[PDB]
Amino acid sequence: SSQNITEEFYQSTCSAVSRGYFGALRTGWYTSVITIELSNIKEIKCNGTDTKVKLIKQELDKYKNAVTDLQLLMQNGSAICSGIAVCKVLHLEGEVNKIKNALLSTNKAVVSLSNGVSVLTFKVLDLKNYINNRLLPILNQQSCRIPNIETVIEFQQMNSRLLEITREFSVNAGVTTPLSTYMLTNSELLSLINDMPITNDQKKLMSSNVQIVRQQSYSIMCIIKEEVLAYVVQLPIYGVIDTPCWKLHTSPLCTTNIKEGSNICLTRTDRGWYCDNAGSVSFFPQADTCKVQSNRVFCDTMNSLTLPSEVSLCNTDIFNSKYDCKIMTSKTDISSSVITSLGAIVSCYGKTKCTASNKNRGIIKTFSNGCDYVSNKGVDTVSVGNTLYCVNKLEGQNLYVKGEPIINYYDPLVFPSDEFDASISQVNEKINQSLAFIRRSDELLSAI
Amino acid sequence: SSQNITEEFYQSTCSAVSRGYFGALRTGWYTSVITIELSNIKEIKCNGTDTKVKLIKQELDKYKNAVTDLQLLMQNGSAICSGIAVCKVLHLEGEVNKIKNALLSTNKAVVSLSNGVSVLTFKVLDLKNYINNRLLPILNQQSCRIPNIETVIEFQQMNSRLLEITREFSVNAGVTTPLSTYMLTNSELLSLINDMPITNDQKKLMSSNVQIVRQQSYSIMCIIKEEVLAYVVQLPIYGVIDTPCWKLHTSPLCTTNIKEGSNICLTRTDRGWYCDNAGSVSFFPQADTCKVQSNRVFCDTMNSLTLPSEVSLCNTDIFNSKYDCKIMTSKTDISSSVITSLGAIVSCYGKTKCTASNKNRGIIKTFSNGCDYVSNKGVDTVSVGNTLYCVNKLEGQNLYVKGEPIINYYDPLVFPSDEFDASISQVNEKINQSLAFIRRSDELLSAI
Amino acid sequence: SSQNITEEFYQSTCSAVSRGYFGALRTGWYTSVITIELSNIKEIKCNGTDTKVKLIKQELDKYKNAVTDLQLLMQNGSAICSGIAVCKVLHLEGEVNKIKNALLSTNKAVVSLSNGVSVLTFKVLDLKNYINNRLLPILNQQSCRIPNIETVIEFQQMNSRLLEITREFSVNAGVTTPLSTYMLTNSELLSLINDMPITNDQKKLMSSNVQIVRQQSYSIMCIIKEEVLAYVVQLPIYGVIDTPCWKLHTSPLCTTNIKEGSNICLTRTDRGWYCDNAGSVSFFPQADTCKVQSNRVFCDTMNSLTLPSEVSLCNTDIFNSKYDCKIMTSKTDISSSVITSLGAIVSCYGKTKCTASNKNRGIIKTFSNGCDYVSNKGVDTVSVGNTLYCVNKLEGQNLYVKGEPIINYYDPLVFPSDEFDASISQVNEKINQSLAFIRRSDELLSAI
Amino acid sequence: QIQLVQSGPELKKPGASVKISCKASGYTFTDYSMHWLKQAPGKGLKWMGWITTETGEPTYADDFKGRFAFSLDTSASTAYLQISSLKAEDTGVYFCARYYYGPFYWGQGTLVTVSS
Amino acid sequence: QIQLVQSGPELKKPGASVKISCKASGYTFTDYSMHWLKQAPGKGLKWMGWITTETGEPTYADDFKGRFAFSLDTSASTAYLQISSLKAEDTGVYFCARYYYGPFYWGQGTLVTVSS
Amino acid sequence: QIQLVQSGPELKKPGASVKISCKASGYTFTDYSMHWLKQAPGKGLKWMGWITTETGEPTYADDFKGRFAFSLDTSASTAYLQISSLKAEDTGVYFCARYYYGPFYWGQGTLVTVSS
Amino acid sequence: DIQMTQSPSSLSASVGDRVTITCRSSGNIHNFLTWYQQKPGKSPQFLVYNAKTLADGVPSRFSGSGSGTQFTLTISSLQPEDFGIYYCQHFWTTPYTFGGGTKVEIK
Amino acid sequence: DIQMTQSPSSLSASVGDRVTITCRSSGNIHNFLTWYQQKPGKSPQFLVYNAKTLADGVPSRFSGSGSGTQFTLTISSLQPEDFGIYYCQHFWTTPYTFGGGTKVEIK
Amino acid sequence: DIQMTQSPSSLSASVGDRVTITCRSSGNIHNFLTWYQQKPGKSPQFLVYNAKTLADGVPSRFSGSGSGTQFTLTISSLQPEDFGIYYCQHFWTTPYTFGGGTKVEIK
């Protein structure tokens with residue numbers, strides 16, 4: 001998969017749209033139950049004064065405090081409804097019994113719930129076995145004896161994972177995200193990936209990049225009873241694979257040169273990644289939804305604003321009647337440089353001076369009063385105002401698709417629609433009603 | 001205390017108010033001084049090359065760096081004025097002497113300050129004793145000897161708490177919140193709770209839920225001098241107990257069905273918990289102030305907006321003249337589902353399709369163009385737009401107190417007051433002045 | 001350097017400007033390369049069942065997972081362009097070879113890059129040496145043997161730093177800030193400070209306060225190849241030293257007393273520190289840029305808004321024509337108390353009651369309907385509304401430079417410019433055009 | 001090593017009340033729930049229902065609703081069944097059981113005899 | 001094991017200046033503050049005040065203001081008192097003290113004698 | 001203990017193709033890059049360029065562009081050079097080298113002879 | 001409810017017989033089946049955890065197999081210390097139903 | 001200021017006497033009282049940390065009691081190695097005031 | 001490109017001579033210079049890591065000095081086991097250039 005990213009900068013709306021990114025949208029979750037076999041050990045009647053026995057004593061006290069804290073949290077979006085439903089189903093009496101029966105001899109098993117859902121199961125940690133077989137026997141009677149420092153060190157190391165799990169759940173109040181390493185190890189995550197009910201393409205894609213999956217997954221709390229701590233991990237699946245996806249970097253373009261004192265501007269409301277889903281283009285407004293890795297983007301349809309297929313008409317012709325666009329219309333003149341994948345827009349405006357830069361050639365270009373565009377070839381740093389923005393070092397088929405600014409068509413007598421964030425047709429309605437205001441004002445004056 | 005929560009959804013303002021919650025407001029703090037007896041140990045003249053001696057050497061270096069960092073922070077709302085005053089009082093010369101004199105023989109004591117305040121005192125950690133009695137003696141002369149791995153492990157474990165305290169205070173810049181486990185252990189917190197100057201009811205309530213107290217408490221830094229590290233822990237008290245408290249979930253209700261293209265909406269400014277305080281209802285606007293646990297809510301009067309007793313008139317009759325209400329008036333049509341305690345409001349509006357769901361029965365209900373309400377009985381998941389919201393599984397005396405939408409009374413010729421966040425009387429003034437605008441416009445036209 | 005802070009409160013704009021603070025602006029970075037010599041150890045063919053051998057096995061597994069995770073992040077503002085350029089230069093083939101050649105025998109060296117930049121270099125951690133000399137030899141053949149618990153404890157302690165580095169870079173996605181202790185120790189940071197290419201004044205200033213430098217510095221990731229993990233630390237330099245710098249605390253001043261129902265207000269847009277830079281005053285709008293320590297402030301010119309020398313004219317005479325000021329003009333009446341260095345402004349307005357307080361003397365002052373000012377002498381706590389604000393205990397030459405409120409000059413017939421955040425000249429234009437609106441309205445009425 | 005001990009046998013008359021108690025020792029009583037079983041004389045084994053040893057909310061099979069009720073005292077680690085409105089069909093044995101790694105685990109039986 | 005050592009005795013005339021120094025060894029000099037005491041001949045023990053061994057700001061009792069001043073050199077771990085404008089009432093002993101777990105801890109006395 | 005092993009010598013005719021392979025054993029092949037050197041008969045040592053053993057993008061010296069190309073198989077830990085369009089100047093030796101703490105590290109030479 | 005019945009209601013075998021007991025279910029249960037060994041005048045105990053996992057302390061002669069609806073035990077060799085009434089009971093969901101009782105005897 | 005005075009200004013006891021010394025205060029001090037044993041021509045040292053906590057290295061014959069305003073020492077048995085001038089001094093707040101001096105003697 | 005040449009193209013010394021070899025550079029290189037010991041019909045190996053750091057396993061007689069443009073080796077004593085062709089090569093940047101070859105001989 002060669003990284004053939006082709007960005008095309010536009011001078012019409014001064015929005016640069018990348019291309020060549022093969023995305024992978026997520027349409028659902030896969031809830032699996034992960035159980036830690038806790039042990040409810042009563043306060044031992046040990047009166048030893050040795051350092052090792054004492055250390056085992058505060059470690060057991062820490063374990064008991066962690067268990068009590070877990071019970072304390074157990075007392076009280078689609079991001080968590082599947083896990084919540086699984087927890088509620090597992091709260092039914094007998095489901096824990098079936099889970100333990102299935103996992104009696106195997107660390108992995110498939111259990112069918114009462115309502116019909118079949119969930120994969122794991123046994124990441126075995127604290128009950130280790131405790132009842134090592135700590136309880138020797139440290140049982142009135143005489144206390146622990147002669148192995150290896151034993152206490154091993155107990156510290158193993159109980160550490162439970163301690164971090166309790167800490168993360170306490171701070172995050174029962175639901176954690178992203179899936180930390182402590183909750184599910186990389187090897188265990190890979191093993192669960194291999195057992196997923198999907199084809200080999202999705203399995204290979206989700207195996208290649210595992211940190212992305214960790215970022216997009218979740219973790220819940222269900223129940224601590226019958227000496228079992230079960231937390232459901234909501235790993236995702238990707239129904240659509242390698243769909244053509246494109247970023248839509250935008251930048252505020254302000255008036256022709258700079259009219260001294262005040263004037264308009266029109267940046268493009270919609271930014272972030274776009275993707276094609278079953279003939280309808282998906283849209284992601286938030287930056288934290290879609291994550292980039294190499295030449296392929298990973299997204300999340302949790303709050304994706306599904307759009308029709310005519311979205312691509314916005315880029316090539318903003319004033320197309322086949323599709324409806326949108327542009328935030330403001331009045332603030334700030335020089336900015338939206339860094340893109342294979343370039344950098346620069347809206348040098350007003351008094352501030354902006355110049356391209358190179359480490360070896362020094363300053364090689366000087367901007368003007370317009371949203372100009374600078375390629376990544378021959379440029380490594382862009383200096384705008386008082387700050388310096390690094391220009392990506394990636395190589396791609398850059399295309400300066402120039403045109404004319406859309407500002408010139410707007411009426412120069414007045415520039416209405418201050419601080420507006422609606423569709424372009426609505427902005428046409430706004431300019432229409434503002435010039436209706438002005439025509440009725442002047443006709444009333446003439447009638448007077 | 002049976003959880004008899006009774007939610008009553010309204011169709012007038014489409015705001016669902018829960019009931020049956022017995023709150024507990026906090027009206028003040030209780031500053032107590034917690035001292036860690038540090039030891040100022042000079043750089044030892046040890047030239048051993050053994051692994052254990054070396055490890056003790058970097059552990060002592062870590063301890064010295066932590067002490068120096070603490071001195072570095074010591075160099076430079078009502079959330080912290082009591083603790084600040086206690087620190088300033090303890091900065092007077094001789095107060096540390098009295099604290100050490102009192103705590104010479106007992107881990108707990110009561111010390112009266114110079115200005116008159118009496119503060120409980122603790123000695124959580126004894127680093128000076130352990131250091132001067134174990135590390136200094138053997139590791140004193142030119143010959144270095146540490147034959148016990150238990151000793152170095154114990155020193156690591158004990159110095160770990162000081163290391164985390166230093167880290168938390170360094171990141172949080174001298175004041176930390178919430179009270180972490182490292183600063184005060186659960187057992188020590190309970191012990192200080194038992195010694196609080198309050199009745200047994202407040203003590204029992206604050207003992208039953210300790211994580212809530214940890215969330216609402218604080219921690220400060222005062223002074224590191226005379227080989228003492230004293231940090232003041234601001235645990236709270238709850239003057240009023242079991243007052244009737246009610247949540248006031250709200251939702252945006254938009255125009256009758258959906259008028260094609262644009263129209264108004266009126267969500268209720270005030271949300272969050274409410275409580276009764278000495279005959280006057282307290283109001284909490286922020287979500288992070290009041291925390292819920294089982295059927296009782298815990299709140300904080302640090303920034304609570306105290307209100308008169310007529311606040312309950314807002315719910316039953318929004319247009320009551322006895323009390324003044326408030327409604328944010330907007331123009332944006334977004335379908336939303338504010339999940340409540342025993343239900344889920346759904347303002348399905350416009351093109352988007354919203355339907356209730358059940359895991360076993362599938363889709364059982366279809367919404368319409370209005371802020372409808374769905375009970376928790378027979379419904380487990382609500383699907384609105386592109387996301388699925390879990391509906392609480394709690395059981396309570398739900399009451400669909402229906403009525404008529406308040407939108408219909410508003411003038412359909414124009415819908416003024418865009419993006420307004422004032423009282424309902426002020427919105428009446430706004431509609432009055434807008435229709436004054438329109439009447440003077442039309443009368444001027446007729447005069448012309 | 002005596003702390004002779006002199007605050008002068010004003011009654012004209014009710015903005016209190018501190019003085020006597022000697023700042024230190026940062027104008028550039030100093031990128032240095034810090035390398036950790038990793039070891040690429042293959043999966044050992046060890047079949048031992050002892051606890052110590054097993055523990056070494058999961059520790060080596062953790063190390064390998066950390067290395068793989070580092071490679072995973074390696075796969076994919078002026079805050080980071082210098083470090084990015086250094087990483088790209090080091091990505092050239094042969095630069096790592098030169099770095100290793102230079103650091104073959106010395107833990108510190110100076111290396112000149114291909115493009116001309118000379119960067120100081122470090123070797124903080126030597127994992128390859130320890131691994132290949134201790135873990136590989138004994139744990140090489142089919143027979144496994146580790147008889148020293150000291151060895152495994154030392155390995156855990158040393159690998160801990162790499163584990164935290166990997167964790168911080170994974171959560172922060174390759175770039176971390178502030179510079180944590182794990183990335184660069186205090187001793188190593190001081191050693192690099194002593195080797196900085198600056199005079200002794202800047203070196204002494206940056207040595208005196210090291211936590212400030214840690215807060216303002218950065219850390220990057222470049223490359224993991226040729227058994228080397230190199231991350232560039234961007235420590236700053238301070239070109240200008242001890243420039244006169246002044247804070248500019250502001251407060252919302254509302255109408256004369258309180259006109260019942262509604263009226264205007266005018267707080268001062270610009271807050272935060274100010275500093276003099278080569279005859280032109282620098283301005284810092286954000287709170288997180290400039291940090292205070294004792295009587296000297298430390299700042300950062302990353303986004304500082306450079307201003308001409310006439311900025312001081314804003315304080316003494318707001319309506320001066322030599323310089324342009326700015327005032328946010330609102331309509332919301334909220335009682336607030338902006339705590340200053342040697343005082344506390346209090347804008348007690350409306351129904352709420354605000355009173356000064358003292359711990360021993362009780363309430364000693366009652367405010368009125370105006371932005372009054374209270375000195376730190378004789379006052380320790382200020383109670384406004386429902387919350388109590390601590391008044392700084394610092395001592396300085398307070399100066400109550402009183403005058404007359406600027407509100408009275410504004411037209412009482414109407415108070416335009418709601419929610420405006422522009423220059424004072426622009427607000428004069430706004431009131432001019434609003435009263436133009438009103439004059440044309442009344443003249444049209446008379447013409448009718 | 002988990003031992004569940006029940007009460008002793010009884011011989012009584014219809015219309016009165018029977019109290020049969022099971023005490024659980026060997027584990028913390030909060031988590032594991034208590035389950036009650038019926039054995040008819042010579043027939044198979046019925047199933048009453050369950051009582052939760054954490055809260056105290058029981059659920060009854062449709063056959064055994066109306067006359068049987070279990071209550072427990074978590075302080076004493078004992079759970080007892082009160083059988084009011086005795087019928088002649090009450091003859092049989094009673095069993096207290098819990099979930100132990102799959103199937104149930106029953107203690108010793110308590111013969112109940114109904115005379116006239 | 002904390003030892004505080006003062007200077008030696010002096011015999012001088014009124015109107016001149018007396019320098020008496022106390023050196024503290026056994027602990028870091030920054031934290032613990034230095035306190036100075038007066039002993040009148042045959043009478044009780046007065047209290048001068050304190051000088052902070054961290055910053056250097058002293059505070060004086062109303063009786064002992066005007067003529068007495070303490071200064072310290074933290075580098076040498078020594079604190080000394082300079083007594084200008086000597087009066088005949090200066091006869092007595094001088095003590096350097098610190099706060100050691102409640103009460104004070106005084107070193108050996110330095111007899112000061114005033115002749116004519 | 002790092003050992004680099006190359007292929008054997010060859011004697012062939014102009015116009016055909018020569019395949020010479022170097023196998024690296026002793027370290028992971030991904031990070032360390034492969035470098036190729038020329039030795040003229042009796043003259044000094046030229047430098048071809050480098051091929052990266054991580055991605056596979058080579059860079060060639062201006063002298064040695066057009067006829068020489070290196071390719072590698074990371075699975076087999078072997079990198080081989082294919083020499084098409086043989087000229088009589090191809091006589092000499094071939095060396096495979098890597099960066100080992102400063103200077104290069106070359107394996108044994110492979111004599112190439114051109115006949116007619 | 002899921003009704004469970006046993007075909008060999010009354011069984012009588014010799015000392016060296018390989019006896020086989022089958023249980024049927026009205027519905028489909030994924031394993032979740034166990035058996036009990038009722039001694040006369042005593043309290044029965046389990047011997048097979050699931051359809052194919054024998055319990056600890058049970059002789060290896062006992063063992064089981066089957067999934068879905070048909071489940072069946074395997075006894076390698078009868079031993080006179082083993083005699084009583086055998087019942088089978090599922091635990092898929094409440095309510096819980098037992099079989100008719102396999103009264104094994106001696107020929 | 002808090003003035004502190006001692007009732008037995010001059011005391012003379014035998015070798016086997018149980019002597020008692022009392023100190024009064026103008027104000028109320030919560031404990032915060034100590035005593036000193038001045039040897040002639042030497043430097044005195046403390047012997048009781050607070051009102052009721054004897055110092056280390058002091059014979060157990062010494063001990064104290066009292067809170068608020070009235071404070072008093074307890075000496076189990078006089079020992080001829082113990083003789084000098086005794087003073088009492090509070091440390092509630094600055095300024096610091098001593099007593100009149102208990103000049104204990106030998107009968 | 002940086003061209004590197006050697007002055008003693010052909011050298012012939014006795015068994016107890018202290019021989020000196022110099023290399024020049026067209027440009028300025030901060031150290032980054034090494035030498036190789038080519039044996040006839042074999043593969044040469046490095047002996048000096050940088051301008052002044054001898055390699056491991058090389059006799060201490062070898063050593064080097066110089067920075068910038070002029071670089072020079074130091075041989076304490078010739079030993080008959082050491083004979084061949086010596087070349088010098090920089091590694092400042094690509095492309096990589098060698099010298100003319102110091103063909104050391106025996107007098």
# chains A, B, ... in the order shown; residues from 1 in each chain; ligands from 1
$ residues_around --residues "region 62-68 of chain I" --least-positions-apart "5" --cutoff "6 Å" --atoms "only C-alpha atoms" --output "count of residues only"
10
$ interface_residues --of "chain I" --to "chain C" --cutoff "9 Å" --atoms "only C-alpha atoms" --output "list in words"
residues 30, 32, 49, 50, 53, 91, 92, 93 and 94 of chain I
$ closest_residue --among "E:80, E:94, E:64, E:47" --to "chain H" --atoms "only C-alpha atoms"
E:47
$ residues_around --residues "region 9-13 of chain I" --least-positions-apart "6" --cutoff "7 Å" --atoms "only C-alpha atoms" --output "PyMOL selection string"
chain I and resi 100-107
$ write_last_selection --atoms "C-alpha atoms" --output "PDB file, in the first residue's frame"
ATOM      1  CA  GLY I 100      45.079   6.611  -2.535  1.00  0.00           C
ATOM      2  CA  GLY I 101      46.344   3.739  -0.395  1.00  0.00           C
ATOM      3  CA  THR I 102      49.431   3.722   1.838  1.00  0.00           C
ATOM      4  CA  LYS I 103      51.414   0.703   0.617  1.00  0.00           C
ATOM      5  CA  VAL I 104      53.710   0.178   3.596  1.00  0.00           C
ATOM      6  CA  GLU I 105      56.710  -2.076   2.963  1.00  0.00           C
ATOM      7  CA  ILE I 106      59.786  -3.443   4.755  1.00  0.00           C
ATOM      8  CA  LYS I 107      63.183  -1.798   4.289  1.00  0.00           C
TER       9      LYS I 107
END
$ select_by_dssp --residues "chain F" --states "helix (DSSP H, G or I)" --output "number ranges by chain"
F: 62-64, 88-90
$ select_by_dssp --residues "chain F" --states "strand (DSSP E or B)" --output "ChimeraX atom specification"
/F:3-6,10-12,18-25,34-39,45-51,58-60,68-73,78-83,92-99,104-106,110-114
$ closest_residue --among "C:400, C:218, C:415, C:169" --to "residue 434 (chain C)" --atoms "only C-alpha atoms"
C:415
$ residues_around --residues "residue 41 (chain E)" --least-positions-apart "4" --cutoff "9 Å" --atoms "only C-alpha atoms" --output "VMD selection string"
chain E and resid 91 to 93
$ write_last_selection --atoms "C-alpha atoms" --output "CSV table (one decimal), in the first residue's frame"
chain,number,residue,atom,x,y,z
E,91,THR,CA,26.4,42.7,83.4
E,92,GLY,CA,25.2,39.1,83.3
E,93,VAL,CA,25.3,36.0,81.1
$ residues_around --residues "residue 159 (chain C)" --least-positions-apart "2" --cutoff "9 Å" --atoms "only C-alpha atoms" --output "list in words"
residues 59, 62, 63, 127, 154, 155, 156, 157, 161, 162, 163 and 164 of chain C
$ write_last_selection --atoms "N, CA and C atoms" --output "short mmCIF file (atom, residue, chain, number, x, y, z; two decimals), in the first residue's frame"
data_model
loop_
_atom_site.label_atom_id
_atom_site.label_comp_id
_atom_site.auth_asym_id
_atom_site.auth_seq_id
_atom_site.Cartn_x
_atom_site.Cartn_y
_atom_site.Cartn_z
N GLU C 59 9.78 -9.51 32.94
CA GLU C 59 10.40 -8.19 32.83
C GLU C 59 11.01 -7.97 31.45
N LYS C 62 8.17 -7.28 29.15
CA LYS C 62 7.76 -5.89 29.27
C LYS C 62 8.70 -4.98 28.50
N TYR C 63 10.01 -5.23 28.59
CA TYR C 63 10.98 -4.43 27.85
C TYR C 63 10.77 -4.56 26.35
N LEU C 127 20.87 0.61 28.75
CA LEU C 127 20.17 -0.66 28.89
C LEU C 127 20.87 -1.77 28.12
N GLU C 154 17.47 -4.68 40.69
CA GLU C 154 18.15 -3.60 39.98
C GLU C 154 17.62 -3.48 38.56
N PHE C 155 17.40 -4.61 37.89
CA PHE C 155 16.85 -4.57 36.54
C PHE C 155 15.45 -3.96 36.53
N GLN C 156 14.62 -4.31 37.51
CA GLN C 156 13.29 -3.71 37.61
C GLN C 156 13.40 -2.20 37.77
N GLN C 157 14.27 -1.76 38.68
CA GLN C 157 14.41 -0.33 38.95
C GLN C 157 14.90 0.42 37.71
N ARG C 161 12.35 3.27 34.42
CA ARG C 161 12.42 4.57 33.75
C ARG C 161 12.01 4.45 32.29
N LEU C 162 12.50 3.43 31.59
CA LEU C 162 12.09 3.21 30.21
C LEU C 162 10.59 2.94 30.12
N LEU C 163 10.05 2.19 31.08
CA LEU C 163 8.62 1.91 31.07
C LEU C 163 7.80 3.19 31.20
N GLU C 164 8.18 4.07 32.13
CA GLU C 164 7.45 5.34 32.26
C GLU C 164 7.63 6.21 31.03
#
$ residues_around --residues "residue 16 (chain B)" --least-positions-apart "4" --cutoff "10 Å" --atoms "only C-alpha atoms" --output "MDAnalysis selection string"
chainID B and resid 7:11 247:251 315 338:345 373 399:401
$ interface_residues --of "chain G" --to "chain D" --cutoff "10 Å" --atoms "only C-alpha atoms" --output "ChimeraX atom specification"
/G:32-36,41-50,55,87,89-91,94-101
$ closest_residue --among "C:14, C:229, C:237, C:171" --to "chain F" --atoms "only C-alpha atoms"
C:229
$ residues_around --residues "region 21-31 of chain E" --least-positions-apart "4" --cutoff "10 Å" --atoms "only C-alpha atoms" --output "MDAnalysis selection string"
(chainID B and resid 40:42 224:228) or (chainID E and resid 1:8 36 52:55 70:82 94:98 107:108 110)
$ atom_distance --atom1 "CA of residue 409 (chain B)" --atom2 "CA of residue 350 (chain B)"
21.3 Å
$ atom_distance --atom1 "CA of residue 304 (chain B)" --atom2 "CA of residue 270 (chain B)"
12.2 Å
$ interface_residues --of "chain C" --to "chain A" --cutoff "9 Å" --atoms "only C-alpha atoms" --output "ChimeraX atom specification"
/C:51-52,55,65,69,72,75-82,84-85,88,115-116,149,170,301-306,444,447-448
$ write_last_selection --atoms "C-alpha atoms" --output "PDB file, in the first residue's frame"
ATOM      1  CA  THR C  51      10.232 -17.765  40.403  1.00  0.00           C
ATOM      2  CA  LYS C  52      13.246 -15.513  39.778  1.00  0.00           C
ATOM      3  CA  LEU C  55      10.110 -12.812  36.896  1.00  0.00           C
ATOM      4  CA  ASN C  65       6.717  -4.752  24.461  1.00  0.00           C
ATOM      5  CA  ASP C  69       5.378   0.170  21.206  1.00  0.00           C
ATOM      6  CA  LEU C  72       4.818   1.688  16.696  1.00  0.00           C
ATOM      7  CA  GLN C  75       5.822   4.340  12.409  1.00  0.00           C
ATOM      8  CA  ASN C  76       3.768   7.537  12.077  1.00  0.00           C
ATOM      9  CA  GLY C  77       3.622  25.220  16.152  1.00  0.00           C
ATOM     10  CA  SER C  78       7.168  26.512  16.965  1.00  0.00           C
ATOM     11  CA  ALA C  79       6.402  24.405  20.055  1.00  0.00           C
ATOM     12  CA  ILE C  80       7.843  21.493  18.051  1.00  0.00           C
ATOM     13  CA  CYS C  81       9.290  22.582  14.622  1.00  0.00           C
ATOM     14  CA  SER C  82      12.893  22.738  15.860  1.00  0.00           C
ATOM     15  CA  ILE C  84      10.891  17.975  14.270  1.00  0.00           C
ATOM     16  CA  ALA C  85      13.684  19.340  12.071  1.00  0.00           C
ATOM     17  CA  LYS C  88      14.301  14.652  10.342  1.00  0.00           C
ATOM     18  CA  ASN C 115      23.049  20.809   7.779  1.00  0.00           C
ATOM     19  CA  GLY C 116      25.275  22.753  10.210  1.00  0.00           C
ATOM     20  CA  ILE C 149      17.606 -11.145  43.855  1.00  0.00           C
ATOM     21  CA  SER C 170       2.134   6.598  24.294  1.00  0.00           C
ATOM     22  CA  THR C 301       7.106  34.526  23.521  1.00  0.00           C
ATOM     23  CA  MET C 302       5.588  31.554  21.669  1.00  0.00           C
ATOM     24  CA  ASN C 303       2.322  33.467  21.187  1.00  0.00           C
ATOM     25  CA  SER C 304       3.055  36.796  22.891  1.00  0.00           C
ATOM     26  CA  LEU C 305       1.263  39.696  21.190  1.00  0.00           C
ATOM     27  CA  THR C 306       4.020  42.274  20.732  1.00  0.00           C
ATOM     28  CA  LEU C 444     -37.529  60.087  10.324  1.00  0.00           C
ATOM     29  CA  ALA C 447     -40.224  64.055   8.997  1.00  0.00           C
ATOM     30  CA  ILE C 448     -43.274  61.778   9.093  1.00  0.00           C
TER      31      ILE C 448
END
